[PDB]
Peer 1: 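A single structure is presented below for examination.
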Amino acid sequence: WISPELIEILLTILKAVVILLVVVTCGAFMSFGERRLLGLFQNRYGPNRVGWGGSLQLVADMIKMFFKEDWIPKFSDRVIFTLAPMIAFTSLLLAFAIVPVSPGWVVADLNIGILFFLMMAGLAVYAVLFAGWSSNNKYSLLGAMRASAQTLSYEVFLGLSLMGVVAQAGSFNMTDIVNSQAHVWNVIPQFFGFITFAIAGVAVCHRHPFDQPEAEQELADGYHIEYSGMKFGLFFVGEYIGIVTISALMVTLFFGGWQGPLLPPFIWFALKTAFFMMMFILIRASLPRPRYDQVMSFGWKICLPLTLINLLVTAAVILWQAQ
Amino acid sequence: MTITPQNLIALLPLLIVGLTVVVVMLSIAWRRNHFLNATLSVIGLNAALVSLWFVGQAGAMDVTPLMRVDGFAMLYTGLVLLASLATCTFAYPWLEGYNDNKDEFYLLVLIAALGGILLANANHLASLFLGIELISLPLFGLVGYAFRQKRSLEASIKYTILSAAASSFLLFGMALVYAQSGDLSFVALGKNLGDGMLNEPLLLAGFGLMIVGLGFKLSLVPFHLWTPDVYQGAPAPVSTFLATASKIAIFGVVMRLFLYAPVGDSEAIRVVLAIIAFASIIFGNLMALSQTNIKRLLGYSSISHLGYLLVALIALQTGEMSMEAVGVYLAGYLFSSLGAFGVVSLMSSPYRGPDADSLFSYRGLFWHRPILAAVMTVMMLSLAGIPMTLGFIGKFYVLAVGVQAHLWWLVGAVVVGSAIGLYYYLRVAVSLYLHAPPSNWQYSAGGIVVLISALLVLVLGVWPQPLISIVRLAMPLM
Amino acid sequence: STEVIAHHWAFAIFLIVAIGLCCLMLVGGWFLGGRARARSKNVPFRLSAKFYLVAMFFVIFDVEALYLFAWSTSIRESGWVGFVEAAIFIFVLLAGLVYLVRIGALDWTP
Amino acid sequence: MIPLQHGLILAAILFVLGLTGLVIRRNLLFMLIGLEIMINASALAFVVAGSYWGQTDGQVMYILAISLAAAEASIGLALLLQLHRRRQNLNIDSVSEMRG
Amino acid sequence: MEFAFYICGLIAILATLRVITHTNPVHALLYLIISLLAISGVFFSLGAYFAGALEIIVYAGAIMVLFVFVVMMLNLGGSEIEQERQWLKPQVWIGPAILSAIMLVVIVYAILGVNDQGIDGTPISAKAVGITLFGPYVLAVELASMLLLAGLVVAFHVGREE
Amino acid sequence: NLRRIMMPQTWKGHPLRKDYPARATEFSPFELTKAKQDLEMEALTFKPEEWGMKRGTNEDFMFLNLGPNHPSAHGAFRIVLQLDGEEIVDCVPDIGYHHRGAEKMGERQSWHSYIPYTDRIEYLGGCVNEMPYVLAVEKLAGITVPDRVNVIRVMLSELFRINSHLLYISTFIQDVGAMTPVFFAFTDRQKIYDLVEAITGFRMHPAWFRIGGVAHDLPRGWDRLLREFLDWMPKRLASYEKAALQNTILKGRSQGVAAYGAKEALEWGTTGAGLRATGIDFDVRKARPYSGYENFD
Ligand SMILES: CCCCCCCCCCCCCCCCCC(=O)OC[C@H](COP(=O)(O)OCCN)OC(=O)CCCCCCCCCCCCCCCCC
Ligand SMILES: CCCCCCCCCCCCCCCCCC(=O)OC[C@H](COP(=O)(O)OCCN)OC(=O)CCCCCCCCCCCCCCCCC
Ligand SMILES: CCCCCCCCCCCCCCCCCC(=O)OC[C@H](COP(=O)(O)OCCN)OC(=O)CCCCCCCCCCCCCCCCC
Ligand SMILES: CCCCCCCCCCCCCCCCCC(=O)OC[C@H](COP(=O)(O)OCCN)OC(=O)CCCCCCCCCCCCCCCCC
Ligand SMILES: CCCCCCCCCCCCCCCCCCCC
Ligand SMILES: CCCCCCCCCCCCCCCCCCCC
Ligand SMILES: CCCCCCCCCCCCCC
């Protein structure tokens, strides 16, 4: 059992497992960091008593949600009700599975890449629809229908916002996208692609200001309202893991990935990802929530034509300098 | 293969119809204007019809692997454009009584005409599939345009479900043919076989599934049962378009596929198509014997006439004038069906609800609409293959083609089906003159269209040589 | 090459461990903690056509998006001719979008 | 080392399963579901044939097939919604008033 | 590579069989989604990477989302046709099952006589597909845009609320 | 439709009648169970006719009930909405879920001992609520309060008006979707509470006004706390304006929403800022001055 190929196989498997564990723990501790950073933005402290600086607050929440009574509604459909948090977790986890965090540290160097991310985004909207329908609550069903229509209105241009970066790289591969940003990061030429991808990534993660269970609380039409215990925890941790995945994808597609002058490449990747995670928190703290029809009209009438025009202009520029 | 400026000149009616689609849709986005959008659609269709002259001046050429433009493609493009122009002309007085949006009708007619032009030029399995779909889906919309009516909604549901099933059959057959052949071009379907091994089982099975899809599209027995229901339930201008343009375009691309494919002269396919043509002629004539609905009767009539056309298809490799016979027959059938369905459309205009399709409503048509009754009896004589009509010239061409290739069973089938057709067509034409208990220029335009169709049918029935010479000019690449 | 097969094994282990991880958290949530009964615990706490219209628009524009996805990865070797073809495609797209917006198809508010 | 016959057989099995579901189901939604199965099976057959010959044409035909599938699913579901609005019932045997 | 092909094909066949016999529409659509994921795995095993990516992105991510959306909108519960289970009665399905079995036998017999060197599974990339799409298949791309526009117009005209 | 609006529909008697007993009756779990059953099958047996609604279930409208799920410090009440899709075609509010019998308690307490109940009529108002009651009692008693009483009562009323307005503006911003300014506005409310706690001894319900004056003199050092609040407030208010009220998303959520003119305000008895936003200059502190408000600019 002593061979360099076999040793490299377990090394790659161990690296993938390390990436998976770090991403899951980063999502949970970013739920905690969401509480602390909202406290920082609102002239307060947030949770700072359970452990040193509140660092054990996440463990207390996990214990509480594990030992909360497991509940499935009797009139609910058990399989779909159980299945929806699983998809809400795993979809954006497997979307992270393509992100190169360092040279040589990648789980899957796929030839499709952000195509795999788009596959995972479609499965995420399935998670929301299943959670709404399976609860046997007509209010949750209506709220999930509105949330899903919003998600479709922004997923309709998510990939098109990425197509300018793809066109500049000439490839779907994520490492080639990083290597094409060796001189100038993609946020300078694909600026409109960057802003449309940021808006669409916030929207497909159901983050503020696209969070349906927090948008309409008087109607009591949230699609989370029948979930409890560890299934609601799966929804929460999957949402935060989705924020981490969207931040890492934005870093690797528009901010050079791990590339940087002085620091080690993983340090640069982690710093840029943490900055975009913190910008997610600041977006939640600062901006108000637009109306539902306004949000969907903004997605259809502004962002999608902007992505199409950005792709056409990017192609014209690429063919113009192709002497 | 790339696209050159001369290829763009050969692309002219397709480009003009696509630009008309975009222009009409942007005009609808500006403001809903029934007259303006109908005028823009007919202007674009007329421009494509005129640009056929520049296409002929360009010459015959291959535009990409997908299309081949020649005189054959020009003739079928002209027939499709004529049917589309007539459909818009009949559509306007019918749509004047429509309370919902009327502008989408012309958009759908334009996209279906685009599919017809693509099928006229198709040289490839991809272009054949796309042209069939581009005809069918706008017809899904057009058949159920008055979807508040139960008959239009039921006809739309039936046509949509059965056409999706036929499209899946055709695509599976195309995939099996591609798996055997390794090339989707028409000329390569059977080219990689030799020494009398043309009857490769997977190639034959793929062509059989394509036959299922195409024979649905051509209302050939046993894929014919949709035809009277969809013909009756659709709006009358939609019935006009579905009877003329869709059938003509799909039969033209079937003609080209069987001419170009080396497996087209396989004896098993020839025998299967002979059985289908025999059954189509006999069944379509027999089912129309006791029809009290003019649209259902015209559907069964369409089944029989496509059976006659398939008889001309069977003698494609045997004889010499099969394509010429098909062209002459299709011109005559277009004019006869345009006149008959246009009289039905003018009698149903403006739209008020249920269609005027009972034979009692056409009993004594001469005593209030004498010109329409004269046009309708001319078309009933033409569809019966009566002399001094173009339908007889087409039937004579079919009989000559069958006699030359010694297709005696098909010739006898044509004679028997002609006798049965004589019975029911004469019943309609003489019920027009029995005794039984508008006012705008677009209705007058529809009446002028059916009158011109009647005059053309009579004149080219007496003097068919100009049409024969035109069809002989419009020859494909050998 | 052993690098690609190592990456395939790593990807398979990633998917397996992620699915098993969420399964394990669900199993632990189901197993742990006491259960109690209440009388009203079992008690839970027609949508317009615009929903279908929005989903249908998403489907159609996602298919046109796949066409542009295929174009965007091979722009350099398709040349200016491919640019003209994709510009015609995108113009038809934008005309369809303008048509949908202008007729009220994308107007949820009355 | 995948035989082309095995992929074609899998596609044919899926096609006939979709056709069976199309025939035996009275509900229009399951008819549309069977139609989706058959067109997906035909597209799979095209992909298998393109992969056997080492050509992009199989995936191009797949792309055209799923464009047709998307547009046809859109139209069929619109017609299903209209039938449910005007009938409150999705039984396809009820739309049979035209016959003979 | 063939392990994935045969297991994904078996999963797709079994899921389709559960689809065409199921009663609950959401469950049937879930099994259809599973069969589409398995078909995408089949595509990836054959080297058609773009086809598998579009199989999950478009088929299992847009079209079945629309089907699920319509089902959830219709609130399909205790329907009278649903409760009867007419398709489960032998006298209803035994005819079509024999017909489909005969068609499958004929198609399989035609398949088994074709030349087969085997599929090597060499990956045909999305880049080559994009080159072919905007080269020889340009008219297919533009007229497919027209086809989807026709679908859009038809579905808006029919599926309106008014 | 003359139905009960405070009490439930299955209520016996009329509580403001002099022969109705004021005190709470004996609690019974059986009637709680019965009313829970009425709540459980209220949606199942809902008929629009008894609520004044009409033309519902057309078979296109839906009836949807709102409940105690968005507590933005306003309290618990229900709205049943008749909806054409997403549009409200009719709605009636179901109120009386916060009925405390305060007027009946007015017949139950002495003139002096009713003042804490006046405090809890509008619980964000405090001494503002106390002021009309003590002024009306002082009219009954024939008492004219001196000028220091007038200025003290005006100062307490304006402090509580700023407190209530801070809560209102911050909760409006939170309802629009911006969740940050409520934290800072409640810090400003705490500065007001520092002064109010020092003067009256209490935060929200001071009960500090008296018939003929106030409960105590001003404690030494009140002016320091008032000066500190007056220095603290304007920068915070400008920050709230710039951060939230000038945001265009909030403006697009609020401008042109639920608009009415002067005639609609007059016919419905709308007062306060809703009336004055229609251009009618009607404030009681200017039109019918009280408590020495005419001496203030
Ligand atoms: C209000 C506004 C109204 C506007 C007008 C609307 C009505 C009139 C429409 C007129 C359309 C004209 C179309 C002309 C097509 C032929 C043009 C031409 O010059 O063809 C000649 C060409 C062969 O000649 P040559 O030029 O030498 O060829 C060099 C290429 N190798 O020939 C060919 O290559 C093939 C020639 C035959 C092609 C078919 C003919 C065109 C389509 C006819 C459809 C109807 C046919 C049946 C009815 C016939 C009635 C007589
Ligand atoms: C509750 C459970 C529900 C079901 C969950 C999933 C079940 C299966 C789990 C086990 C999967 C085992 C591993 C699969 C193979 C992984 C490796 C692989 O796909 O390699 C093939 C190919 C390599 O490509 P490349 O690296 O570019 O190589 C070029 C030339 N060699 O790379 C590719 O082709 C990459 C593209 C394919 C990647 C597929 C990943 C999974 C997709 C399904 C996600 C399901 C999400 C959860 C459920 C959703 C709702 C049902
Ligand atoms: C475990 C026993 C069964 C248990 C129940 C079922 C669980 C799921 C089983 C299906 C999914 C996993 C199948 C096994 C994949 C293992 C990886 C593999 O086969 O890799 C080979 C190949 C790698 O690519 P290549 O570069 O060509 O390498 C060839 C060799 N050098 O790979 C490829 O080319 C393609 C790789 C596979 C395709 C991507 C993954 C598709 C997943 C589809 C899931 C569908 C839903 C499943 C639902 C299950 C519950 C009902
Ligand atoms: C890491 C993740 C975060 C990364 C940072 C950058 C991306 C942030 C993503 C945030 C997404 C929020 C999207 C909100 C869209 C709202 C559109 C809308 O509907 O606005 C409605 C409003 C008024 O609409 P109207 O119809 O005119 O109303 C009149 C009726 N009374 O119309 C308006 O107010 C018009 C303007 C709308 C908003 C324009 C886009 C703003 C995007 C957020 C600001 C980002 C700034 C950069 C942050 C730092 C980046 C490093
Ligand atoms: C939010 C960030 C999520 C990252 C998930 C993956 C973490 C992988 C960690 C890899 C660490 C080693 C990287 C290569 C060596 C260069 C850096 C050395 C110092 C850490
Ligand atoms: C209410 C009306 C319901 C109609 C249902 C129609 C079902 C048709 C089933 C056909 C079964 C055919 C069985 C095989 C026949 C022999 C082989 C094919 C012909 C040679
Ligand atoms: C219903 C139509 C019947 C037509 C019958 C024609 C019979 C032809 C027989 C040909 C025999 C040829 C022997 C060489």
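We use all heavy atoms of the structure for the numbers below, so side chains are in, but hydrogens, waters and symmetry mates are not. Letters A, B, ... are given to chains in the order of the sequence lines, protein chains preceding strands, and every chain is numbered from 1.
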Peer 1: Using heavy-atom distances under 4.5 Å, tell me whether B:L108 contacts chain E through its side chain, its backbone, both, or neither.
Peer 2: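 Just the side chain, heavy atoms under 4.5 Å.
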Peer 1: So for B:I135, is it side chain, backbone, both, or neither that comes closer than 4.5 Å to the heavy atoms of chain E?
Peer 2: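 Neither part; nothing is under 4.5 Å.
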Peer 1: With only heavy atoms counted, which part of B:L14 is less than 4.5 Å from chain E, the side chain, the backbone, both or neither?
Peer 2: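 Contact with chain E: side chain only.
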Peer 1: If we define contacts as heavy-atom pairs under 4.5 Å, which of B:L114, B:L107, B:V63 has the most with chain E?
Peer 2: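 Of B:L114, B:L107, B:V63, B:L114 has the most heavy-atom pairs under 4.5 Å with chain E.
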Peer 1: Please tabulate the donor-acceptor pairs under 3.5 angstrom that span chain E and chain B, backbone and side chains included.
Peer 2:
from	atom 1	to	atom 2	distance (Å)
E:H157	NE2	B:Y145	O	3.1
E:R160	NH1	B:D100	OD1	2.9
E:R160	NH1	B:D100	OD2	3.2
E:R160	NH2	B:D100	OD2	3.1

Peer 1: Using a 6.0 Å cut-off, check whether atom CD of E:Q83 has over 12 heavy atoms from anything other than its own residue.
Peer 2: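 Yes - once you tally the heavy atoms of other residues, nucleotides and ligands closer than 6.0 Å, there are more than 12.
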Peer 1: Counting C-beta onward and ignoring hydrogens, is there a side-chain heavy-atom pair between E:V154 and B:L137 closer than 4.5 Å?
Peer 2: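 Side-chain contact under 4.5 Å: no.
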Peer 1: With rounding to the nearest 0.5 angstrom, report the CD1 to CG distance, B:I111 to E:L149.
Peer 2: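 Between atom CD1 of B:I111 and atom CG of E:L149 there are 4.5 Å.
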Peer 1: Given a strict heavy-atom distance threshold of 4.5 Å, which part of B:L11 is in contact with chain E: side chain, backbone, both, or neither?
Peer 2: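 When you check distances to chain E, only side chain atoms of B:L11 fall under 4.5 Å.
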Peer 1: Quick one: do E:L139 and B:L130 satisfy side chain to side chain contact (heavy atoms under 4.5 Å, CB included)? Show the steps, please.
Peer 2: CA-CA 10 Å; E:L139 308 176; B:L130 195 45; over 6 Å; no
Peer 1: Which atoms of E:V138 come close to chain B, meaning under 4.5 Å heavy atom to heavy atom: side chain ones, backbone ones, both, or neither?
Peer 2: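 The answer is the side chain of E:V138.
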Peer 1: If you compare all heavy atoms of E:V158 against all heavy atoms of B:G144, which two are closest, and at what distance to 0.1 Å?
Peer 2: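 Answer, listing the atom of E:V158 first, then B:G144: CG2-O, 4.4 Å.
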Peer 1: Does any non-hydrogen side-chain atom of B:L176 lie less than 4.5 Å from one of E:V114?
Peer 2: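 Side-chain contact under 4.5 Å: no.
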Peer 1: Let's test your reading of the structure: which of E:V106, E:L147, E:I111 forms the most heavy-atom pairs below 4.5 Å with chain B?
Peer 2: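 Highest number of heavy-atom pairs under 4.5 Å: E:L147.
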Peer 1: Check whether B:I3 gets within reach of chain E through its side chain, its backbone, both or neither, counting any heavy atom under 4.5 Å.
Peer 2: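 Only the side chain of B:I3 comes within 4.5 Å of chain E.
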